[PDB]
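Asks: For now just these chains, pulled out of the complex without moving them:
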Amino acid sequence: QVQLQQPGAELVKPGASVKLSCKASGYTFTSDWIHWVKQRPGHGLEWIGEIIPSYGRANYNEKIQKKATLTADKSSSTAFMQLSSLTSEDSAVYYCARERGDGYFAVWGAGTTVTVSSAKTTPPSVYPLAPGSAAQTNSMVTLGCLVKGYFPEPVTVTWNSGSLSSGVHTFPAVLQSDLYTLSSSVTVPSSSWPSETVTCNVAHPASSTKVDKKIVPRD
Amino acid sequence: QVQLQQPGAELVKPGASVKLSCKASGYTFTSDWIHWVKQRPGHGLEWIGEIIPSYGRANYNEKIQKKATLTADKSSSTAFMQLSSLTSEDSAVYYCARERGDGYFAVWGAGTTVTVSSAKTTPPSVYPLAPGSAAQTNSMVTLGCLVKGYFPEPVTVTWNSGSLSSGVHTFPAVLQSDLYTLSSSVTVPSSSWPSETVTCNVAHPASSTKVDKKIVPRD
Amino acid sequence: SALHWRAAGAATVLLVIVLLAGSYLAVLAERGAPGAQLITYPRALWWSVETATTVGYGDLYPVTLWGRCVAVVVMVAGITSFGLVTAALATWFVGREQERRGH
């Protein structure tokens, strides 16, 4: 089971603060340390700090301006990272990771995408992408879904609740007018569709929404 | 006496495995380690691994893909190296060496030439090389023997069972149509031949053959 | 069981406790100090043992105030414990010699 659970996203207005959480399960030892790592888009991994739940002491990277304050709740096995007075420079994915006191990060959380912006949250609109009536199909057929007008990142797109993974491409989102847009592609044998259903599932953490859109041939 | 005895050659088809042996004699101590070193043609010495017969533990070079498994039989004082799933990249001379636990290789085996190929084994044909009837002899005369159509390498050529070493040149073999060919040269005082016999001995480890060819003046 | 043997046994158990606690506390005290090496538990336990025996190779050692205080406790506990074993052995020999003399 997932050893470290982190929320998908957090939108923060410039100057405000946010408290990220990391719920741990599995074996827990008095020697465990919970680490936090920051990663800006297209960049590497940056160590932020660590905390030992059994004692409550925290240490921080001295090379960077201190934005975080780490705490831990033993009864709920949850570690927290309070980030305060954020700016766009603080926008990034923040991972939590567990170290058994022996130097390596045995496991990592899925990461929390933090976006520092004044813009407002907006759920995505999911539209179907089915071939036109004049499109000639091969032994395979390509379908998809358009996800536009959402903010902030990210959105997770799966096909048939995840049962369909092969032949799937989800393109990086593009930012225009304070809103993101992306499409996801799926290819299945031409014979299996529409006989066998194909649906895309779009989850938008920031708005706590998840919608499904069945892809059917045009009228 | 020879401290480490290794077979001359081993032909292995790509993908197959082979077990090399190293029979040791002379003083043996509980602190002895038997090492294996690989050397490709024209290249340097590469350490493969080591084993301590008295305990049976083996260590391997971490920098290279592990192709070997080392074992040792105390009763027969023999160390073995099992090479598995070989490719042409594994073709080379494999030496075994003995270290008295003090860091240096006191003695080395003669080495086993391993050839990874699909081609079949073929003993060499040994032909005489005597001067033509119009050749003018000096105070010295040059004779030789042609060794062609053998596979795989190597062959060892000696003159008069080894008693004749000075004035001997054995040329590197040339590969053509899955078969090797080389000649060996010998020069003796013109007066001593044919009065004193001159014979070349050709040993081909891979085929377990060794033939002799006396060199006599042409008819 | 005579006192010296019981005390020796107790000292051993206490030493093992100090080694484990010292290992835990050394890591707690040293992480956060740039350059420190006594920062993972397995090697910290090794460090506690080579400190308690007073060998002190120099492969690992505390650089912070609290790590050094922990080290002093480990040192004293080790010296005292092994010293107590020596004292117990002496008592044993003394008792045996008295007997051999008819006392």
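Replies: Now that the structure is in, tell me what you want to look at. Numbering: from 1, shown residues only, chains lettered A, B, ... in the order given.
Asks: Just the closest residue of chain A to chain C, please.
Replies: Residue nearest to chain C within chain A: residue A:59 (3.9 Å; Cβ to the nearest Cβ). Backbone N, C-alpha and C define where each C-beta goes, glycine included.
Asks: Tell me which other helices or strands the strand or helix carrying that residue touches.
Replies: Per DSSP states H and E: residue A:59 is located in strand A:57-60. In this structure, strand A:57-60 makes packing contacts with strand A:46-52, strand A:68-73, judged by 3 or more Cβ pairs under 8 Å, 6 or more residues apart in numbering or on different chains; DSSP states H and E.
Asks: First-to-last residue distance for stretch C:36-43?
Replies: 13 Å (Cα to Cα, to the nearest Å).
Asks: does it come close to chain A?
Replies: Yes - counting by Cβ under 8 Å from any Cβ of the partner chain, chain A has neighbours in stretch C:36-43: C:39-42.
Asks: Show me which of those residues are buried.
Replies: Buried by 16 or more other Cβ atoms under 10 Å in any protein chain shown: C:39-41, out of those.
Asks: hang on, residue A:169 packs against residue A:185?
Replies: Yes - using Cβ atoms under 8 Å, residue A:169 is in contact with residue A:185, at 4.2 Å.
Asks: circling back: how far away is the residue of chain A closest to chain C from residue B:99?
Replies: 46 Å (Cβ to Cβ, to the nearest Å).
Asks: Report the contact partners of residue C:31.
Replies: With contact taken as Cβ atoms under 8 Å, 6 or more residues apart in numbering or on different chains, residue C:31 is in contact with A:50, A:59, C:39.
Asks: mind running it again at 6 Å?
Replies: For residue C:31, the contacting residues are A:59, C:39, by Cβ atoms under 6 Å, 6 or more residues apart in numbering or on different chains.
Asks: hmm, back to that, reformat the helices and strands packed on strand A:57-60 as JSON lines; add mean neighbour count and distance to residue A:21.
Replies: Shown next, in JSON lines, are the helices and strands packed on strand A:57-60 (neighbours: other Cβ atoms under 10 Å in any protein chain shown; distance: least, Cβ to Cβ, whole Å):
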{"stretch": "strand A:46-52", "mean neighbour count": "19", "distance to residue A:21": "13"}
{"stretch": "strand A:68-73", "mean neighbour count": "18", "distance to residue A:21": "9"}
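Asks: Export these as JSON lines, with columns for distance to residue C:80.
Replies: Below are the helices and strands packed on strand A:57-60 laid out as JSON lines (distance: least, Cβ to Cβ, whole Å):
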{"stretch": "strand A:46-52", "distance to residue C:80": "29"}
{"stretch": "strand A:68-73", "distance to residue C:80": "36"}
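Asks: How many neighbouring residues does residue A:175 have?
Replies: Residues lying near residue A:175 (other Cβ atoms under 10 Å in any protein chain shown) number 11.
Asks: Sheet partners, orientation included, of the helix or strand hosting it?
Replies: Assigned by DSSP H and E, residue A:175 belongs to strand A:174-176. Strand A:174-176 has the following strand partners under DSSP bridges: strand A:179-189 (antiparallel).
Asks: which residues are in contact with the partner strand?
Replies: Against strand A:179-189 from outside (Cβ under 6 Å, 6+ apart): A:140, A:142-151, A:157, A:159, A:167-171, A:173-174.
Asks: Only the buried residues of that strand, if you could.
Replies: Buried, per 16+ other Cβ under 10 Å, within strand A:179-189: A:179-188.
Asks: sequence below should go in as chain D:
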Amino acid sequence: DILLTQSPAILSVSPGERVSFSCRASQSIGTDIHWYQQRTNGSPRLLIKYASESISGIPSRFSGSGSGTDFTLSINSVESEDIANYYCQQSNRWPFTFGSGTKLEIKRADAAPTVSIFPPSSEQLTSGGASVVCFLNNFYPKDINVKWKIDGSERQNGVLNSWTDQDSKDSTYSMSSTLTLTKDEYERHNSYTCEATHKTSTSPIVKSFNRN
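Replies: Once chain D is put in with the chains from before, the structure reads:
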């Protein structure tokens, strides 16, 4: 603090070939180096610990070596799923530090793009917007150009493109091109066409559809 240098930043290899990533520490750190793999949009995953120790669940293909200041992560016979960023991390001295990462790139055989064009949905039109989407899927090399034409005339405004990273499924690349217009602008035009120009062909690959 210990600086971990990973160079080159990008490593290009052919399928089934052995590859070696380099990690050099600014000072000797014994064997206190660990390697992580991070695929596009994924979280880091431990591959090797203490320079050469195997982790259960990781393919035998992965191995590590070295001690002191120089370390190597090797992959015997690389395959598509190995496409990702690789990072080293040291735990010899506080604070733990990470190398800057090396990306693994695979040079596969050329492949022409599979082009698909999609008319805007009725659900979208109902909102006064119209997006025409074109997929240029699974091609290689990644160098590719897309051109839009409305009623036979090249169009440039309203077009946004997006390119994926190399795919860990087949080592290919894909690209999407989206032409967004208002329902009105969309209603006063007949045919929409997307054309792809790729090294695999002297002639463009075109897909079209008429609004009727």
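Asks: again for what packs on strand A:57-60, chain D present now?
Replies: strand A:46-52 (3 or more Cβ pairs under 6 Å, 6 or more residues apart in numbering or on different chains; DSSP states H and E).
Asks: Can you tell me the strand partners of the strand it packs on and which way each runs?
Replies: strand A:33-39 (antiparallel), strand A:57-60 (antiparallel).
Asks: Get me the contact residues on chain D for chain B.
Replies: Residues of chain D lying near chain B by Cβ under 6 Å from any Cβ of the partner chain: D:52, D:65, D:76.
Asks: now, among these, which is nearest to residue D:95?
Replies: Distance to residue D:95, by Cβ to Cβ, is smallest for residue D:52 among the residues of chain D next to chain B, at 23.6 Å.
Asks: Pull the contacting residues for that closest one.
Replies: So residue D:52 contacts B:62, D:64-65 (Cβ under 6 Å, 6+ apart).
Asks: Pull the residues that contact stretch D:12-23.
Replies: Contacts of stretch D:12-23 (Cβ under 6 Å, 6+ apart): D:4, D:6, D:71-78, D:86, D:88, D:99, D:102, D:105, D:107.
Asks: Dump the strands paired with strand A:46-52 to CSV, plus distance to residue C:67 and mean neighbour count.
Replies: Listed next are the strands paired with strand A:46-52 as CSV, based on distance: least, Cβ to Cβ, whole Å; neighbours: other Cβ atoms under 10 Å in any protein chain shown:
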stretch, distance to residue C:67, mean neighbour count
strand A:33-39, 17, 24
strand A:57-60, 13, 18
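Asks: Can you redo those as JSON lines, where the extra columns are distance to residue D:82?
Replies: Output for those, formatted as JSON lines (distance: least, Cβ to Cβ, whole Å):
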{"stretch": "strand A:33-39", "distance to residue D:82": "20"}
{"stretch": "strand A:57-60", "distance to residue D:82": "34"}
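Asks: For residue D:41, which three-state class applies?
Replies: coil (DSSP: H, G, I helix; E, B strand; the rest coil).
Asks: Run the contact check for stretch D:194-209 versus chain A.
Replies: Yes - contact of stretch D:194-209 with chain A (Cβ under 6 Å from any Cβ) involves residue D:209.
Asks: Now do the buried residues in that stretch.
Replies: D:194-198, D:205, D:207, D:209.
Asks: In terms of distance to chain B, which of those residues ranks first?
Replies: Out of those, the member with the shortest distance to chain B (by Cβ to the nearest Cβ) is residue D:198, at 35.5 Å.
Asks: Quick check: chain neighbours aside, which residue is closest to the closest one?
Replies: Counting by Cβ to Cβ, 6 or more residues apart in numbering or on different chains, residue D:144 is the residue found nearest to residue D:198 once chain neighbours are left out, at 4.8 Å.
Asks: Can you get me a residue count around the one you found?
Replies: Neighbours around residue D:144, by other Cβ under 10 Å: 20.
Asks: Is it in contact with residue D:200, as I believe?
Replies: No - Residue D:144 is beyond contact range of residue D:200, at 9.4 Å (criterion: Cβ atoms under 6 Å).
Asks: is residue D:21 in a bridge, and if so with what?
Replies: residue D:73.
Asks: Return the backbone torsion pair for residue C:34.
Replies: With angles defined as degrees, to the nearest 10, residue C:34 sits at phi -50, psi 130.
Asks: what about it, how many residues close to it?
Replies: For residue C:34, using other Cβ under 10 Å, the count is 11.
Asks: count of residues packed around residue C:73?
Replies: 15.
Asks: Does chain D have contacts with the one helix or strand it maps to?
Replies: Here residue C:73 sits within helix C:65-100, counting by DSSP H and E. No - applying Cβ under 6 Å from any Cβ, one finds helix C:65-100 out of contact with chain D, separated by at least 11.4 Å.
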